[PDB]
Amino acid sequence: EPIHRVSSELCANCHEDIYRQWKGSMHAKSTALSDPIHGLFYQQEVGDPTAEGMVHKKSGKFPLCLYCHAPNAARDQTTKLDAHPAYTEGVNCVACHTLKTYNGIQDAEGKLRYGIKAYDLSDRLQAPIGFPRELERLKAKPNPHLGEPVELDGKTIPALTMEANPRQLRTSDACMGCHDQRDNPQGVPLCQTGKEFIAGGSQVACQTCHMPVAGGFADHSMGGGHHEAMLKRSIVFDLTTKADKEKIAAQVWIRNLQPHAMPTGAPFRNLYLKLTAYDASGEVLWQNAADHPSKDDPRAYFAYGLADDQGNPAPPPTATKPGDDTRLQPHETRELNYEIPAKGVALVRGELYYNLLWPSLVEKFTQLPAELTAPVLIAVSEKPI
Ligand code: HEC
Ligand code: HEC
Ligand code: HEC
Ligand code: HEC
Ligand code: HEC
């Protein structure tokens, strides 16, 4: 009966195109039931997503994950995510479309309020325009948003009452409760897409890039790191070479097209550059990094780490200080210079790889689907010599 427990399948009766986009997105796959990466961490940090009364294994509190990953379950104070479509559907139509007023993530006493807790919620759907039809009433597909139930194809559709809310729906208020920041228990940022967005100074709403008008309405696919086309668009990558004595001076230019860091969001996202010089038989003559750049060429590893009081790497739950951050900064163009011995080199090839998880985690959790965990080739540049 309450709007937040209405299944996305009901909406799909009249918004099939948006439904199709949404259903394939990580928003629809956000729960520990549907995303095996999040599920592995949820099991380790909280417990079974098919159990009621679960708490965080350290804090003993209602699991904070759910505020962002299973909003309608958190709205109903339940941890049993398989009990109802409102919970299995993750960040679903009504989860986003019942957010009314964004209060910010930090309250006046400094308490962090995540996900649905950063908002006043409505029992009415919230829309960018709604149906401002008072003038038409004053003068005087089926639409269930006009104050009454409607019949569709012989089936009664309940009233799905709606309010216009342009400031919520058209600005970053639509995203920030879940995407601004998340800190560990010592206050260290884990995710910090909002602080990055502030620092970089952009005035573009997340939707302008992430909900583009295509085919005449706002695209709900909202792909990021799970979507290779988006990742290839997300940077400009180029390789230049000049002669330099008996070396080849190779310049790798990487421009971040985003107003947040690249890669933003989860702390384990990372990129790395492989730059390789080959002879004319295709045999390797030189490489920037023999194996993984994190170990062999740190300037070519673009990542965030956390640290202990000593500055040394620490697991995210116990870290007390940010570690180094070599990710591309908002709208940054990074130049990396290499000096390659020229003898026999016929081809210099640069490759930029994106990864959902740190290599430590990929090496450990080898039962995760290999399609998830494999490096993603997101840019290539070749120069013949
Ligand atoms: C038909 C029986 C519908 C059902 C079921 C739902 N909606 Fe709807 N919606 C309907 C119409 C005819 C329209 C107008 C435009 C169109 O697509 O033909 C809408 C519009 C919306 C909007 C946008 C309003 C705006 O600002 O322009 C939203 C945000 C919306 N609808 C959401 C929504 C949700 C979340 C649903 C399930 C809970 C849902 N609608 C069902 C018709 C029908
Ligand atoms: C948050 C991640 C959302 C989810 C999940 C869904 N919608 Fe959405 N929708 C959202 C925003 C912020 C906006 C406004 C975009 C802007 O910047 O203007 C919308 C818009 C709609 C519309 C209007 C589309 C248009 O006329 O171009 C409709 C009809 C709509 N949304 C419906 C809808 C349905 C049916 C969903 C589940 C399948 C759904 N949305 C999920 C934010 C989010
Ligand atoms: C265009 C100028 C953008 C604006 C405005 C914002 N984002 Fe973005 N974002 C953009 C691209 C091209 C990509 C792909 C790169 C990628 O890493 O996937 C992204 C990606 C994200 C992601 C995924 C990050 C990851 O794990 O790799 C998220 C969570 C994201 N963007 C969020 C986001 C939010 C909340 C925004 C407004 C504050 C926002 N983006 C603006 C391009 C653009
Ligand atoms: C909480 C209720 C959210 C709101 C509101 C928005 N997003 Fe979201 N987003 C959320 C989660 C929990 C996740 C990850 C789920 C998982 O298990 O991986 C996401 C993910 C994204 C992504 C990345 C998609 C990918 O390919 O991995 C992007 C680009 C994204 N979200 C964008 C985005 C925008 C632009 C929003 C406002 C319009 C928005 N999200 C709202 C949780 C929530
Ligand atoms: C909102 C403030 C969130 C809270 C609280 C938690 N998570 Fe989350 N998570 C959130 C978003 C917006 C995203 C997408 C980030 C991006 O870069 O695109 C995520 C992602 C994850 C991931 C990665 C999932 C994947 O790549 O498929 C994991 C492993 C993850 N979150 C786990 C997790 C757990 C275990 C939480 C509670 C302890 C938790 N998250 C909370 C937003 C939010």
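Order of listing sets the numbers, starting from 1, for every ligand and every atom in it. Quick note: residue numbers are just sequence positions, from 1.
The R170 neighbourhood of ligand 2 comprises atoms 17 (O), 18 (O), with distances under 4.0 Å to a heavy atom of that residue. For ligand 5, the atoms lying closer than 4.0 Å to a non-hydrogen atom of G265 are 17 (O). Against a heavy-atom cut-off of under 4.0 Å, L169 is close to the following atoms of ligand 2: 11 (C), 12 (C), 13 (C), 14 (C), 15 (C), 16 (C), 17 (O). Listed by atom number, the atoms of ligand 2 under 4.0 Å from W22 heavy atoms are 5 (C), 38 (C). Atoms of ligand 5 lying under 4.0 Å from any heavy atom of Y114, numbered from 1 in the order shown and given with element: 2 (C). For ligand 2, the atoms lying closer than 4.0 Å to a non-hydrogen atom of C11 are 35 (C). Annotation for ligand 2: atoms under 4.0 Å from non-hydrogen atoms of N92 are 5 (C). Close contacts of ligand 4 with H210, meaning ligand atoms under 4.0 Å from a residue heavy atom, involve 29 (C), 35 (C). Numbered from 1 in the order shown, with element, the atoms of ligand 4 that lie under 4.0 Å from a heavy atom of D35 read 16 (C), 17 (O), 18 (O).
Of the candidates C178, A118, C96, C178 brings a heavy atom nearest to atom 43 (C) of ligand 4. Scanning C68, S59, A32 for the heavy atom closest to atom 2 (C) of ligand 5 points to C68. If you check each of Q43, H69, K58, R269 against atom 20 (C) of ligand 5, the one with the closest non-hydrogen atom is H69. Of the candidates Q126, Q207, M211, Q207 brings a heavy atom nearest to atom 17 (O) of ligand 2. Taking each of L99, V91, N165 in turn, the one with a heavy atom nearest to atom 5 (C) of ligand 2 proves to be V91.
Looking at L64 against ligand 5, both its backbone and its side chain come within 4.0 Å, counting heavy atoms. Counting heavy atoms under 4.0 Å from ligand 5, residue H38 touches it through both backbone and side chain. Residue contacts with ligand 2, taken as heavy atom pairs separated by less than 4.0 Å, involve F217 via backbone and side-chain atoms alike. With a 4.0 Å cut-off on non-hydrogen atoms, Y67 does not touch ligand 5 at all. Using a 4.0 Å cut-off between heavy atoms, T264 contacts ligand 5 through its backbone alone, with no side-chain atom that close. When non-hydrogen atoms are compared, ligand 4 lies under 4.0 Å from the backbone of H226 as well as from its side chain.
Under a 4.0 angstrom heavy-atom cut-off, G225 registers as being in contact with ligand 4. At least one heavy atom of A266 sits less than 4.0 Å from an atom of ligand 5. Ligand 4 is approached by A174 to a heavy-atom distance shorter than 4.0 Å.
There is no path of hydrophobic side-chain contacts, each under 4.5 Å, that joins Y87 to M54. In the hydrophobic clustering of this structure, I340 does not group with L347; members are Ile, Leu, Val, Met, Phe, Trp, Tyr whose side-chain heavy atoms approach within less than 4.5 Å, directly or through other members.
Rounding to 10 degrees, one finds that atom 8 (Fe) of ligand 4 sits at the corner of an angle of 180° between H27 NE2 and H179 NE2.
Within the 4.0 Å cut-off (strictly below), a protein heavy atom is located near atom 30 (C) of ligand 5. Checking atom 13 (C) of ligand 5 against the protein gives no heavy-atom contact under 4.0 Å.
The CD atom of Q106 lies 10.5 Å from the CG atom of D180; values are rounded to the nearest 0.5 Å.
Nearest protein heavy-atom neighbour of atom 26 (O) of ligand 4: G224 N, 2.8 Å. Nearest non-hydrogen protein atom to atom 38 (C) of ligand 4 is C175 SG, 2.7 Å. With hydrogens left out, the protein atom closest to atom 28 (C) of ligand 4 is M222 O, 3.8 Å, a heavy atom.
A ring-centre distance under 6.0 Å is not found for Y67 and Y114. Proximity of the aromatic rings of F268 and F41 is defined here by a centroid distance below 6.0 angstrom, and this criterion is met. Taking the six-membered ring for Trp and the full ring otherwise, the centers of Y42 and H69 sit at least 6.0 Å from each other.
Judged purely by atom type and a 3.5 angstrom limit, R334 uses its side chain to pair as donor or acceptor with the backbone of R327.
Contact annotation: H97 places an N, O or S atom under 2.8 Å from atom 8 (Fe) of ligand 2.
Contact record, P185 with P317: CD-O, 3.9 Å, taken as the closest heavy-atom pair.
The closest side-chain donor-acceptor pair between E89 and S7 falls under 3.5 angstrom.
Taking any N or O of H220, backbone or side chain, at least one lies under 3.5 Å from an N or O belonging to ligand 2.
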